[PDB]
Structures are given as structure tokens and as C-alpha cells.
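Raw contents of upload_7.txt, compact mmCIF, C-alpha atoms:
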# COMPACT_ATOMS: atom_id res chain seq x y z
CA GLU A 592 36.43 -33.68 -62.18
CA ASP A 593 37.51 -30.15 -61.25
CA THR A 594 41.23 -30.69 -61.93
CA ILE A 595 40.50 -32.21 -65.34
CA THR A 596 38.12 -29.31 -65.98
CA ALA A 597 40.83 -26.74 -65.24
CA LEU A 598 43.28 -28.67 -67.42
CA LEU A 599 40.71 -28.60 -70.25
CA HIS A 600 40.61 -24.79 -70.61
CA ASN A 601 41.28 -22.96 -73.94
CA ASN A 602 44.78 -24.40 -74.39
CA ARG A 603 45.14 -24.89 -78.15
CA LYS A 604 48.37 -26.89 -78.39
CA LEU A 605 47.23 -29.19 -75.58
CA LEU A 606 44.10 -30.03 -77.60
CA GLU A 607 46.00 -30.70 -80.82
CA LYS A 608 49.06 -32.42 -79.29
CA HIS A 609 48.47 -34.37 -76.08
CA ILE A 610 44.93 -35.61 -76.83
CA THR A 611 44.59 -38.69 -79.04
CA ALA A 612 41.62 -40.69 -80.30
CA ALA A 613 42.10 -43.62 -77.90
CA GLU A 614 41.64 -41.81 -74.58
CA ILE A 615 38.60 -39.86 -75.78
CA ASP A 616 37.24 -43.08 -77.32
CA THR A 617 37.42 -44.67 -73.88
CA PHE A 618 35.82 -41.45 -72.61
CA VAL A 619 33.21 -41.72 -75.38
CA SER A 620 32.50 -45.42 -74.76
CA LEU A 621 33.35 -46.65 -71.29
CA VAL A 622 32.53 -43.71 -69.00
CA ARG A 623 29.42 -42.93 -71.05
CA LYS A 624 27.86 -46.43 -71.10
CA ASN A 625 26.26 -46.14 -67.67
CA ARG A 626 24.55 -42.83 -66.74
CA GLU A 627 25.29 -39.26 -65.58
CA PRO A 628 25.13 -36.83 -68.56
CA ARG A 629 27.66 -34.52 -66.87
CA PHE A 630 30.31 -36.65 -68.59
CA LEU A 631 28.51 -35.88 -71.85
CA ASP A 632 28.78 -32.19 -70.94
CA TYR A 633 32.52 -32.54 -70.32
CA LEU A 634 32.91 -34.44 -73.59
CA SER A 635 31.17 -31.56 -75.37
CA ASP A 636 33.44 -29.09 -73.54
CA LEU A 637 36.46 -31.03 -74.83
CA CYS A 638 35.04 -30.88 -78.36
CA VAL A 639 34.96 -27.23 -79.49
CA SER A 640 34.40 -24.63 -76.81
CA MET A 641 37.72 -22.89 -76.22
CA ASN A 642 36.44 -19.72 -77.86
CA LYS A 643 35.29 -20.75 -81.38
CA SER A 644 35.80 -23.91 -83.43
CA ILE A 645 38.95 -25.86 -82.74
CA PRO A 646 38.90 -27.80 -86.04
CA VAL A 647 41.33 -30.66 -85.45
CA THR A 648 39.53 -32.35 -82.54
CA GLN A 649 35.94 -31.76 -83.67
CA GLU A 650 36.55 -34.03 -86.67
CA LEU A 651 37.97 -36.72 -84.35
CA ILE A 652 35.20 -36.69 -81.74
CA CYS A 653 32.37 -36.82 -84.31
CA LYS A 654 33.57 -40.09 -85.83
CA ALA A 655 33.86 -41.46 -82.29
CA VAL A 656 30.15 -40.82 -81.64
CA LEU A 657 28.25 -40.53 -84.92
CA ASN A 658 29.31 -43.88 -86.41
CA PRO A 659 26.60 -46.59 -86.36
CA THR A 660 28.98 -48.85 -84.42
CA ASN A 661 28.70 -46.33 -81.56
CA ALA A 662 24.90 -46.14 -81.60
CA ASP A 663 22.52 -46.53 -78.62
CA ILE A 664 24.15 -43.58 -76.83
CA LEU A 665 22.34 -40.71 -78.55
CA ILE A 666 18.56 -40.31 -78.79
CA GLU A 667 16.99 -40.07 -82.25
CA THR A 668 13.58 -39.00 -83.54
CA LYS A 669 11.46 -40.56 -86.28
CA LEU A 670 8.11 -38.71 -86.79
CA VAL A 671 6.05 -41.89 -87.14
CA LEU A 672 2.92 -39.76 -87.93
CA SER A 673 0.76 -41.60 -85.41
CA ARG A 674 -2.23 -40.21 -83.49
CA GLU A 693 -1.57 -32.84 -85.20
CA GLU A 694 0.57 -34.05 -82.26
CA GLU A 695 2.82 -36.63 -83.93
CA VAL A 696 6.45 -36.67 -82.74
CA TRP A 697 8.50 -39.27 -80.85
CA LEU A 698 12.04 -39.64 -79.52
CA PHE A 699 13.41 -43.09 -78.75
CA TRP A 700 15.70 -43.99 -75.85
CA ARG A 701 16.87 -47.21 -74.27
CA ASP A 702 17.56 -47.42 -70.53
CA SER A 703 20.50 -49.74 -69.83
CA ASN A 704 18.79 -53.06 -70.40
CA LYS A 705 16.56 -53.49 -73.43
CA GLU A 706 14.91 -52.19 -76.58
CA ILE A 707 13.39 -48.95 -77.92
CA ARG A 708 10.46 -48.25 -75.59
CA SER A 709 9.40 -44.58 -75.46
CA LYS A 710 5.56 -44.67 -75.51
CA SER A 711 5.25 -40.84 -75.49
CA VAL A 712 6.95 -37.49 -75.64
CA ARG A 713 3.99 -35.25 -74.69
CA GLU A 714 3.75 -37.08 -71.36
CA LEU A 715 7.28 -35.87 -70.62
CA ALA A 716 5.75 -32.39 -70.48
CA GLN A 717 3.40 -33.82 -67.86
CA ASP A 718 6.50 -35.36 -66.24
CA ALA A 719 8.28 -31.99 -66.35
CA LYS A 720 6.81 -30.90 -63.01
CA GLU A 721 7.45 -33.77 -60.55
CA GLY A 722 6.78 -37.43 -59.90
CA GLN A 723 9.50 -39.62 -61.42
CA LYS A 724 13.27 -39.78 -61.73
CA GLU A 725 13.60 -42.19 -64.67
CA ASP A 726 11.13 -40.01 -66.60
CA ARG A 727 12.97 -36.82 -65.57
CA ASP A 728 16.49 -37.95 -66.49
CA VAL A 729 15.49 -38.58 -70.12
CA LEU A 730 14.75 -34.99 -71.15
CA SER A 731 17.85 -33.73 -69.31
CA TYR A 732 19.99 -36.26 -71.19
CA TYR A 733 18.23 -35.19 -74.39
CA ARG A 734 19.00 -31.53 -73.63
CA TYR A 735 22.67 -32.29 -73.02
CA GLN A 736 23.07 -34.36 -76.18
CA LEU A 737 21.29 -31.59 -78.11
CA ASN A 738 23.89 -29.22 -76.64
CA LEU A 739 26.68 -31.55 -77.78
CA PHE A 740 25.17 -31.74 -81.28
CA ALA A 741 25.01 -27.94 -81.40
CA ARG A 742 28.60 -27.71 -80.15
CA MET A 743 29.81 -30.51 -82.44
CA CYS A 744 31.02 -28.58 -85.51
CA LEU A 745 29.18 -25.20 -85.56
CA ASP A 746 31.42 -23.55 -88.19
CA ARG A 747 33.11 -25.62 -90.89
CA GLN A 748 33.28 -29.39 -90.25
CA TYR A 749 31.25 -30.84 -93.10
CA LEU A 750 31.51 -34.65 -93.09
CA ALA A 751 29.54 -34.91 -89.84
CA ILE A 752 27.20 -31.99 -90.55
CA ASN A 753 25.79 -34.09 -93.40
CA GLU A 754 24.65 -36.83 -91.01
CA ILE A 755 22.81 -34.28 -88.86
CA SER A 756 21.39 -32.74 -92.03
CA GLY A 757 18.90 -35.54 -92.68
CA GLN A 758 17.80 -35.63 -89.05
CA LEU A 759 16.02 -32.48 -87.78
CA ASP A 760 16.15 -31.36 -91.41
CA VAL A 761 13.52 -28.67 -92.09
CA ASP A 762 10.08 -29.33 -90.61
CA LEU A 763 10.93 -31.53 -87.62
CA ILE A 764 13.01 -28.85 -85.89
CA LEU A 765 10.26 -26.25 -86.43
CA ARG A 766 7.39 -28.51 -85.37
CA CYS A 767 9.17 -29.34 -82.11
CA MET A 768 9.85 -25.61 -81.62
CA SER A 769 6.37 -24.24 -82.28
CA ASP A 770 4.89 -24.31 -78.76
CA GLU A 771 4.87 -26.73 -75.83
CA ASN A 772 3.74 -26.75 -72.19
CA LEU A 773 6.98 -26.74 -70.23
CA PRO A 774 10.38 -27.11 -71.89
CA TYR A 775 12.75 -24.23 -71.11
CA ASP A 776 16.32 -25.48 -71.48
CA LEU A 777 15.50 -28.00 -74.21
CA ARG A 778 13.47 -25.24 -75.89
CA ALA A 779 16.70 -23.24 -76.09
CA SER A 780 18.56 -26.37 -77.20
CA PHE A 781 16.40 -26.60 -80.33
CA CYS A 782 17.32 -22.98 -81.14
CA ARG A 783 21.00 -23.68 -80.46
CA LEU A 784 21.01 -26.63 -82.86
CA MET A 785 19.12 -24.41 -85.32
CA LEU A 786 21.77 -21.70 -85.14
CA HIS A 787 24.54 -23.97 -86.50

Represent the structure contained in this file as C-alpha cells.
Amino acid sequence: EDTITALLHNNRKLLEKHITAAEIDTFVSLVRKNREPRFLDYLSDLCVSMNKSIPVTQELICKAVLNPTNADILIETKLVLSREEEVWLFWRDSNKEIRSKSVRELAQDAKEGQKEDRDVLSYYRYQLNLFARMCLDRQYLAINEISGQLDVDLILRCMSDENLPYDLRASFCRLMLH
């Protein structure tokens, strides 16, 4: 991990020459199917962050992730207006269908008690960070897909006040800022 981190420094011509869609697609699919959102962090590091907005690779990675054929990796929100205090984010865990059952209980799970209920918000924070670091300046064909989601009121209602998010709380602002 450390050697491939040091190879993946600023390095413009390496990003636009020796990196193709196939190897990152295997990195997007095969490594990412199981667990461990540190690989999601390294995928986000490969995407843009040299200093500001490598444009050639950010429009290759987005079509590797944001297509509906590559769904069930990211976590989406719906605002099903159930029963003030209506918001839900939906995640699957390696075997079966949507089940979420809450998001306010994750604030109760933010202190201690579970591991499968504590990995979910960390994975959500990291994929929020990847969405913020996806285009962030000029790439338009994949900023339109993330325009409908978290559009106007959903990003503000999740970032009004809550018991105990700190890093995800900053992740909402970071996705706001771009």
C-alpha cells in the first residue's frame, strides 16, 4: 500500500499516460467488492488530488463508478418523508437487499457498541469525500448526476444540526463546496 501510495504522488504524465481504464476498473470493481474503505480513499486519491483538478482521469473514473451497471457500491439517500426527522440512507452489507431501518440511530451508534453499525457511517464519510473529490472544478457530465441527488434542501436538512457527526459533518460541507 505504501509503495503504491508513493508512486501515486502528483506526477502528471504518469496519471495521463501509464494509467488506463482497465486497471482502475479492476480497482473500482474487484478490490472494492468486499470491505475496507481505505481502498476507496486510495481510489479518490488517484482521482484528482495532485494539487487541483487533473481533468483527464476524473472523467474516466466517474464513468467507472457512477454508471448504474456499477451500482450497489455507493450509498444513496431518498427522503421517504416517513415519521420533522425524515431522512434515510440505504446500504447493503455483502449479502442481501436494502435494509437500513434508521439513520438517527447511527448517532446513537456513534459512541460505542457495534462494529457493523460503526463501519457504515465511516464508509459513508469516505464515499462523500470521493464525491467531493470527484470533479470539483469543471467535469460536467458527472456533476449532472450528483445534481439531482443532494440537490438543494436535502444537503441543508442533513447539515442543520445533529447529535454526533464530526467528520461526516465536514463531508457534507465539502460536497457543498464543489

Stretch 740-750 of chain A environment, 12 Å, all atoms listed in the file, sequence neighbours closer than 5 positions dropped, as a ChimeraX atom specification: /A:631-658,665-667,733-735,755-756,758-759,777,779-787

Any chance you could work out the axis-aligned box around stretch 755-765 of chain A, listed atoms only, 8 Å on each side, giving centre and edge lengths in Å to one decimal, as AutoDock Vina command-line options?
--center_x 16.4 --center_y -30.9 --center_z -89.3 --size_x 28.7 --size_y 25.4 --size_z 22.8

Residues of stretch 661-709 of chain A at most 10 Å from stretch 616-624 of chain A: nearest atom pair and distance in Å, only C-alpha atoms, as JSON lines:
{"residue": "A:661", "atom": "CA", "partner": "A:620", "partner_atom": "CA", "distance": 7.8}
{"residue": "A:663", "atom": "CA", "partner": "A:624", "partner_atom": "CA", "distance": 9.2}
{"residue": "A:664", "atom": "CA", "partner": "A:624", "partner_atom": "CA", "distance": 7.4}
{"residue": "A:703", "atom": "CA", "partner": "A:624", "partner_atom": "CA", "distance": 8.2}

Between atom CA of residue A:736 and atom CA of residue A:696 - distance in Å to one decimal: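 Atom-to-atom, atom CA of residue A:696 and atom CA of residue A:736 are spaced 18.0 Å apart.
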
Interatomic distance (Å, one decimal) between atom CA of residue A:707 and atom CA of residue A:628: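 Atom-to-atom, atom CA of residue A:707 and atom CA of residue A:628 are spaced 19.3 Å apart.
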
One-decimal distance in Å that lies between atom CA of residue A:723 and atom CA of residue A:737: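 Separating atom CA of residue A:737 from atom CA of residue A:723 is a distance of 22.0 Å.
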
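Among A:629, A:778, A:701, A:609, the residue with the shortest atom-to-atom distance to residue A:739, counting only C-alpha atoms, is A:629.
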
Pull the neighbourhood of (1.3, -41.3, -73.8) for me: all residues within 12 Å in file coordinates, counting all atoms listed in the file, as a PDB file with C-alpha atoms, keeping the file's coordinate frame.
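Done, and the output landed in point_12.pdb:
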ATOM      1  CA  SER A 673       0.760 -41.600 -85.410  1.00  0.00           C
ATOM      2  CA  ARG A 674      -2.230 -40.210 -83.490  1.00  0.00           C
ATOM      3  CA  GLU A 694       0.570 -34.050 -82.260  1.00  0.00           C
ATOM      4  CA  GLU A 695       2.820 -36.630 -83.930  1.00  0.00           C
ATOM      5  CA  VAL A 696       6.450 -36.670 -82.740  1.00  0.00           C
ATOM      6  CA  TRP A 697       8.500 -39.270 -80.850  1.00  0.00           C
ATOM      7  CA  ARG A 708      10.460 -48.250 -75.590  1.00  0.00           C
ATOM      8  CA  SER A 709       9.400 -44.580 -75.460  1.00  0.00           C
ATOM      9  CA  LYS A 710       5.560 -44.670 -75.510  1.00  0.00           C
ATOM     10  CA  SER A 711       5.250 -40.840 -75.490  1.00  0.00           C
ATOM     11  CA  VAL A 712       6.950 -37.490 -75.640  1.00  0.00           C
ATOM     12  CA  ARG A 713       3.990 -35.250 -74.690  1.00  0.00           C
ATOM     13  CA  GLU A 714       3.750 -37.080 -71.360  1.00  0.00           C
ATOM     14  CA  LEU A 715       7.280 -35.870 -70.620  1.00  0.00           C
ATOM     15  CA  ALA A 716       5.750 -32.390 -70.480  1.00  0.00           C
ATOM     16  CA  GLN A 717       3.400 -33.820 -67.860  1.00  0.00           C
ATOM     17  CA  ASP A 718       6.500 -35.360 -66.240  1.00  0.00           C
TER      18      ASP A 718
END
